[PDB]
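Inspection log for the structure reproduced underneath, given as structure tokens.
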Amino acid sequence: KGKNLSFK
Amino acid sequence: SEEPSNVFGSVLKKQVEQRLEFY
Amino acid sequence: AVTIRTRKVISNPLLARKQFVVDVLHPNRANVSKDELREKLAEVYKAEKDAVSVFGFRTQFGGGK
Amino acid sequence: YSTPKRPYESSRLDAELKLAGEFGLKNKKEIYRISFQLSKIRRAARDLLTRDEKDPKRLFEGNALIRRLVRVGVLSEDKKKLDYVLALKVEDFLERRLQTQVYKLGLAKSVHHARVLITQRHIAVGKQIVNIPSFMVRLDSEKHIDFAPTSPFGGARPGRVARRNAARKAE
Amino acid sequence: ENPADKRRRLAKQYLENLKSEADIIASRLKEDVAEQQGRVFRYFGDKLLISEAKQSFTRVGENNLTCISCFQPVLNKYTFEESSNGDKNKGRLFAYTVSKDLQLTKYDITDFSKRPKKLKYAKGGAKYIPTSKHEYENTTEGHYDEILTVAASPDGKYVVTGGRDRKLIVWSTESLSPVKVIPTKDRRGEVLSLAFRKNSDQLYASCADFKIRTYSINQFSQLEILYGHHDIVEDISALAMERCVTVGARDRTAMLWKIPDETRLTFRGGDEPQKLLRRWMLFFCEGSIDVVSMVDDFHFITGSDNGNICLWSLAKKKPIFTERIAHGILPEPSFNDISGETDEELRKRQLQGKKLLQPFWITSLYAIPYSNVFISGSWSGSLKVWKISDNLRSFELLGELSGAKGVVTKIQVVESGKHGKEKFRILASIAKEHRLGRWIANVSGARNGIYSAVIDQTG
Amino acid sequence: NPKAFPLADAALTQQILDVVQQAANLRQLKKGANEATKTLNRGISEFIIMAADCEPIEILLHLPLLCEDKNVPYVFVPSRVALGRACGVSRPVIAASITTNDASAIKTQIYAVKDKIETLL
RNA sequence: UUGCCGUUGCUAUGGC
């Protein structure tokens, strides 16, 4: 399983 | 209605009376 | 904002790395430069930026991904 | 596509006139393309009809064909028989062209308005912006036709001319 | 002194508490992580004492309460910090309600013996209408049209609301101050239900534009938009994982959305009276699915407009179990009113026997996460508590609570006390009209208020 | 025998409301009695839906006289309250009518229900 | 415990 992220 | 009654007419008139007071 | 999602994570010990497919969701924007992808994948996977490689990125028709 | 046996029949020419006008087709080439597909499908249904009833080939291929024809939306659910496939006409396919649904659903007030809107990248089927007016919509896809999110009519900022005129009004 | 030492201190103190409480230690630690494993682990339905429940109805000023959301702090084993936003809010339970009067109101429900106590509120009005008339400029701080949903962040820092203004406004928990307004950017992007991913900042918004939106509150940004429903998406539920479930109302498809996979599972009831009567040899064709709640990661339940409550399993597309006319049939219309003919028998024929009789619909349906019990709601005047079988292949009626009178727009449950001895408080928003619209004939006895009942476990 | 007649069963009501609820989305639906009275005289109506539980039912029994004089199919259904939900309006609807348009995207759906309706009558 | 109006207690539920 992968990872999740977000910016700006 | 083969033999209509006045029960609805009474309340319908009452609804008009409520509107009359409101305006 | 812009999201990035990793899928199909395969561990590779004898070349000592991790493979995966990167999906970058960038609404209201053209795309993400490879350097920004590298630095934040370093942040998330928690490796130094130099150890991170990213390539073969194609945007879908209509944009946003 | 393939050319017709006799393109110069007056009845024919009036046929393409009516079809193009009522569906806003660019030229006769689209009509012959659709006619070619209809000829192929009807020939296949014809050949299946020739086969004996309960023939495994007839059953299997006919069933698959009718199910596909239902899915594209040309053939109604209650008409799931190869005879009704044989009864199809080009108008049913042409209705299934995306222009017609953009017009008929109310997003556009004319077939030409639908054409320009579609080619202008204002129309989205689900996640995908479709600029191909000849796109064939299925039953499920029919209900998802909306304005694309990036469109000014679909939730985005005003177009270039709108903001330009607003600016010129500003100063 | 180092942060790791602090964790060592907190862990050491935590163990001392467990030793003071006490095999038992090992079992509890497993129960602490049972949430991560997607299976029910709270079998307490038989322990519940519905009969002795202390029921209470609290009136409020708002007309037509639309939704209620409850926040419960939870101790995080993984850092030993309570989900309370601040030290003052340690072990304080908050409930937030929205109504059609454009108010957001918060109440304190920490004292279960006592009634909810109002703390702060915010009203919207005509002051907040957008002048621009453009969807992307629809960023006014306050609501100007009916508010339909409210959801509290699991962190206890923010509460988010939406409604007929086509807005997602996120409010500060302490002061109810507006920090961000996120337009849906659609003409018919009407928010109908909001669900927070448990112990996460992810928010899922079901909109009447036939789409579902996903949000990250910590970032104040939109993530993805989900499509596949063929009608309005009235309800949405979420659990610790990301696979939120939704219902399509007239579409009649309970829909589970795999966010990680970008794949989607379809569920349809597909029951028809004719066979059902034949196998019997009043059953109403299903109308629409207007509520859904996830009992488990692998199971979920729905409520419909034929009074049918259906149990679902991810493996099976069809319902595994169903209860017909759960809340009963509506009262038959009076004969003196059906027709104006004086002759009584003529009026009776207009009733057409029992053909006109229709069932109650499931206005509210909430299941406590990872438990074997759930609560259903309607305007019948009583909250029904059900218990799921241990095999999760059937459920029965645990009992009823008749305190509530009026339409149950939303149901919430909060628990308190030690692990072994837990007393459950059920909170349900009660209104005089249905949340989506005013279709309901005015039911006698309805009062717009918040219903509260206390249930304890013994034996 | 009953004044509200014929009344659709649980099944036939089902496809009707599906036509009604979508037809509202397409601006093809006129909702309520006076609009029902409106469309019949102008002859732009396919068929008319009536609630059988209407208070009083006689408030709408004039419509069938208009409907069958113009040879327009009509029908009764159990619950007004459901029709408004289909119709999309936040209040009960006792009568509804589908307007005439051969260019509508739903000509087959409307005609499908229309055929069943004629058989019912 | 309620926007307003009552009843019932020393608390619970009836109308708009």
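Chain labels A, B, ... are given in the sequence in which chains occur in the structure tokens; within each chain residues are numbered consecutively from 1, and ligands are likewise numbered from 1 in the order shown.
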As a PyMOL selection string, please: the residues near residue 8 in chain B (cut-off 10 Å, only C-alpha atoms (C1' of nucleotides), same-chain neighbours under 6 positions excluded). (chain B and resi 14) or (chain E and resi 337+339-340) or (chain F and resi 56)
Writer output for current selection, C-alpha atoms, as an mmCIF file, in the first residue's frame:
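Saved result, part-v9.cif, follows:
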```cif
data_model
loop_
_atom_site.group_PDB
_atom_site.id
_atom_site.type_symbol
_atom_site.label_atom_id
_atom_site.label_comp_id
_atom_site.auth_asym_id
_atom_site.auth_seq_id
_atom_site.Cartn_x
_atom_site.Cartn_y
_atom_site.Cartn_z
ATOM 1 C CA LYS B 14 -62.182 29.612 7.797
ATOM 2 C CA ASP E 337 -62.337 13.409 5.494
ATOM 3 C CA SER E 339 -64.946 12.425 0.723
ATOM 4 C CA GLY E 340 -67.669 15.009 1.207
ATOM 5 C CA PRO F 56 -60.710 15.443 -0.524
#
```
Tell me as a PyMOL selection string which residues belonging to chain D come within 12 Å of chain F, counting only C-alpha atoms. chain D and resi 22-23+73-78+92+95-96+98-107+109-111+139+142-143
Contacts of range 365-381 of chain E at 6 Å (only C-alpha atoms (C1' of nucleotides); same-chain gap of 4+ positions) as a list in words: residues 40, 41, 42, 43, 45, 293, 295, 296, 385, 386, 387, 388, 402, 404, 405, 406, 407, 408 and 411 of chain E
Please, which residues of range 276-440 of chain E, numbered as in this document, come out helix (DSSP H, G or I) from DSSP, as a ChimeraX atom specification? /E:276-280,335-338,344-351
With C-alpha atoms kept, could you save the residues just selected as an mmCIF file, in the first residue's frame?
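The result, stored in selection-v5.cif:
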```cif
data_model
loop_
_atom_site.group_PDB
_atom_site.id
_atom_site.type_symbol
_atom_site.label_atom_id
_atom_site.label_comp_id
_atom_site.auth_asym_id
_atom_site.auth_seq_id
_atom_site.Cartn_x
_atom_site.Cartn_y
_atom_site.Cartn_z
ATOM 1 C CA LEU E 276 -42.665 -12.548 -2.402
ATOM 2 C CA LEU E 277 -46.443 -12.978 -2.210
ATOM 3 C CA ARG E 278 -46.117 -16.240 -4.147
ATOM 4 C CA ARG E 279 -43.584 -17.648 -1.683
ATOM 5 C CA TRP E 280 -45.939 -16.567 1.098
ATOM 6 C CA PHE E 335 -63.429 8.365 6.283
ATOM 7 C CA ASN E 336 -65.145 11.599 7.350
ATOM 8 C CA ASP E 337 -62.337 13.409 5.494
ATOM 9 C CA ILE E 338 -61.699 11.287 2.379
ATOM 10 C CA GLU E 344 -70.567 6.884 5.590
ATOM 11 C CA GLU E 345 -70.411 3.786 3.385
ATOM 12 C CA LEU E 346 -69.771 5.914 0.299
ATOM 13 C CA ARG E 347 -66.832 7.499 2.121
ATOM 14 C CA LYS E 348 -65.551 4.045 3.079
ATOM 15 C CA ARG E 349 -65.344 2.903 -0.549
ATOM 16 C CA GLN E 350 -63.021 5.842 -1.221
ATOM 17 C CA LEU E 351 -60.625 4.359 1.324
#
```
Extract, using only C-alpha atoms (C1' of nucleotides), all DNA, RNA and protein residues at most 10 Å from range 4-17 of chain D, discarding same-chain residues fewer than 2 positions from it, and format them as a VMD selection string. chain D and resid 1 to 2 19 to 25 27 to 28 31 to 32 35 to 36
Taking only C-alpha atoms into account and nothing else, which residues of chain B lie no more than 10 Å away from chain E? Please answer as an NGL selection string. :B and (1-9)
Give me a file of those residues, with C-alpha atoms, as a PDB file, in the first residue's frame.
```
ATOM      1  CA  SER B   1     -70.476  14.585  -4.956  1.00  0.00           C
ATOM      2  CA  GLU B   2     -73.808  12.802  -5.297  1.00  0.00           C
ATOM      3  CA  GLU B   3     -74.934  14.424  -2.024  1.00  0.00           C
ATOM      4  CA  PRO B   4     -72.437  17.144  -1.060  1.00  0.00           C
ATOM      5  CA  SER B   5     -71.974  18.267   2.537  1.00  0.00           C
ATOM      6  CA  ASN B   6     -70.950  21.651   3.956  1.00  0.00           C
ATOM      7  CA  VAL B   7     -68.176  20.385   6.252  1.00  0.00           C
ATOM      8  CA  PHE B   8     -65.424  21.330   3.805  1.00  0.00           C
ATOM      9  CA  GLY B   9     -67.014  24.667   2.937  1.00  0.00           C
TER      10      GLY B   9
END
```
When you draw a straight line from CA of residue 152 in chain D to CA of residue 210 in chain E, how long is it in Å? 19.7 Å
Find the residues around residue 85 in chain F up to 10 Å (only C-alpha atoms (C1' of nucleotides) counted), leave out those fewer than 4 positions away in its own chain, and share them as a ChimeraX atom specification. /E:250,436-439 /F:17,20-21,80-81,89-93
Residue neighbourhood range 178-184 of chain E, 10 Å, only C-alpha atoms (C1' of nucleotides), exclusion window fewer than 6 positions, as a PyMOL selection string: (chain D and resi 155) or (chain E and resi 122+135-142+158-162+165-172+190-191+205+207+209+213+215+217+220-222)
Those selected residues, please, written with C-alpha atoms and delivered as a PDB file, in the first residue's frame.
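Output file result.pdb follows:
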```pdb
ATOM      1  CA  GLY D 155     -18.251  25.965 -13.127  1.00  0.00           C
TER       2      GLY D 155
ATOM      3  CA  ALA E 122     -24.305  31.380  14.686  1.00  0.00           C
ATOM      4  CA  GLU E 135     -20.321  30.013  -8.480  1.00  0.00           C
ATOM      5  CA  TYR E 136     -16.601  30.586  -7.897  1.00  0.00           C
ATOM      6  CA  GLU E 137     -17.347  33.896  -6.142  1.00  0.00           C
ATOM      7  CA  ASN E 138     -19.767  32.130  -3.760  1.00  0.00           C
ATOM      8  CA  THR E 139     -17.385  32.506  -0.815  1.00  0.00           C
ATOM      9  CA  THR E 140     -19.502  34.419   1.702  1.00  0.00           C
ATOM     10  CA  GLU E 141     -18.744  33.715   5.351  1.00  0.00           C
ATOM     11  CA  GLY E 142     -22.306  32.847   6.400  1.00  0.00           C
ATOM     12  CA  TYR E 158     -13.455  22.161  13.389  1.00  0.00           C
ATOM     13  CA  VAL E 159     -17.055  21.507  12.357  1.00  0.00           C
ATOM     14  CA  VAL E 160     -18.236  21.633   8.735  1.00  0.00           C
ATOM     15  CA  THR E 161     -21.735  22.422   7.455  1.00  0.00           C
ATOM     16  CA  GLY E 162     -23.492  22.580   4.102  1.00  0.00           C
ATOM     17  CA  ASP E 165     -26.489  27.733  -0.424  1.00  0.00           C
ATOM     18  CA  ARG E 166     -24.183  25.221  -2.191  1.00  0.00           C
ATOM     19  CA  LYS E 167     -21.355  25.852   0.284  1.00  0.00           C
ATOM     20  CA  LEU E 168     -19.016  23.904   2.556  1.00  0.00           C
ATOM     21  CA  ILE E 169     -18.313  26.217   5.507  1.00  0.00           C
ATOM     22  CA  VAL E 170     -15.908  24.932   8.166  1.00  0.00           C
ATOM     23  CA  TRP E 171     -16.303  26.489  11.613  1.00  0.00           C
ATOM     24  CA  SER E 172     -13.970  26.781  14.580  1.00  0.00           C
ATOM     25  CA  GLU E 190     -26.410  20.505  -3.349  1.00  0.00           C
ATOM     26  CA  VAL E 191     -24.727  19.004  -0.281  1.00  0.00           C
ATOM     27  CA  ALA E 205     -19.452  15.195   0.710  1.00  0.00           C
ATOM     28  CA  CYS E 207     -23.951  16.341  -3.482  1.00  0.00           C
ATOM     29  CA  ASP E 209     -25.332  17.058  -8.597  1.00  0.00           C
ATOM     30  CA  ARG E 213     -16.525  15.143  -3.292  1.00  0.00           C
ATOM     31  CA  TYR E 215     -11.875  16.869   1.142  1.00  0.00           C
ATOM     32  CA  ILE E 217      -9.855  19.729   6.256  1.00  0.00           C
ATOM     33  CA  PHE E 220      -8.705  23.375   3.239  1.00  0.00           C
ATOM     34  CA  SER E 221      -8.571  21.885  -0.265  1.00  0.00           C
ATOM     35  CA  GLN E 222     -10.572  19.674  -2.606  1.00  0.00           C
TER      36      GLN E 222
END
```
Just need the residues of chain D within 10 Å of chain C, counting only C-alpha atoms, so spit them out as a list in words.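 The contacting residues on chain D are residues 121, 124, 127, 128, 129, 130, 148, 150 and 156 of chain D.
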Near range 2-16 of chain G, within 6 Å and counting only C-alpha atoms (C1' of nucleotides), which residues show up once chain neighbours fewer than 3 positions away are dropped, as a VMD selection string? chain E and resid 59 to 61
Output file for the residues above (N, CA and C atoms, as a PDB file, in the first residue's frame):
```pdb
ATOM      1  N   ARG E  59     -36.626  20.310  23.989  1.00  0.00           N
ATOM      2  CA  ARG E  59     -37.085  21.278  23.006  1.00  0.00           C
ATOM      3  C   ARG E  59     -36.005  22.328  22.763  1.00  0.00           C
ATOM      4  N   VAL E  60     -36.043  22.934  21.578  1.00  0.00           N
ATOM      5  CA  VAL E  60     -35.161  24.042  21.232  1.00  0.00           C
ATOM      6  C   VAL E  60     -35.953  25.073  20.442  1.00  0.00           C
ATOM      7  N   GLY E  61     -35.312  26.215  20.180  1.00  0.00           N
ATOM      8  CA  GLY E  61     -35.996  27.303  19.497  1.00  0.00           C
ATOM      9  C   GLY E  61     -36.072  27.116  17.992  1.00  0.00           C
TER      10      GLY E  61
END
```
Please return as a PyMOL selection string: the residues of range 35-93 of chain F that backbone DSSP assigns to strand (DSSP E). chain F and resi 45-51+74-77
With only C-alpha atoms as the atoms that count, which of E:332, E:224, E:251, E:415 lies nearest to chain C? E:224
For a quick check of understanding, using only C-alpha atoms, which of D:94, D:64, D:161, D:86 has the smallest distance to residue 40 in chain D?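 Nearest to residue 40 in chain D: D:86.
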Using only C-alpha atoms and a distance of at most 7 Å, pull out the residues of chain E that contact chain D, as an NGL selection string. :E and (135 or 185-186 or 227 or 230)
Let me see the file: selected residues, N, CA, C and O atoms, as a tab-separated table (two decimals), in the first residue's frame.
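Dumped to again-v3.tsv:
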```tsv
chain	number	residue	atom	x	y	z
E	135	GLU	N	-20.55	31.14	-9.38
E	135	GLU	CA	-20.32	30.01	-8.48
E	135	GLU	C	-18.98	30.13	-7.77
E	135	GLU	O	-18.88	29.88	-6.57
E	185	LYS	N	-18.97	24.84	-6.66
E	185	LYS	CA	-18.79	25.25	-8.05
E	185	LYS	C	-19.68	24.42	-8.99
E	185	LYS	O	-19.21	23.87	-9.98
E	186	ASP	N	-20.96	24.34	-8.65
E	186	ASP	CA	-21.95	23.69	-9.50
E	186	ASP	C	-23.32	24.30	-9.23
E	186	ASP	O	-23.62	24.70	-8.11
E	227	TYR	N	-18.04	9.94	-9.35
E	227	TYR	CA	-19.19	9.78	-10.23
E	227	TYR	C	-19.54	8.31	-10.42
E	227	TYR	O	-18.68	7.43	-10.33
E	230	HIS	N	-26.71	7.38	-10.51
E	230	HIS	CA	-27.67	7.84	-11.52
E	230	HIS	C	-28.76	8.73	-10.95
E	230	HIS	O	-29.73	9.02	-11.65
```
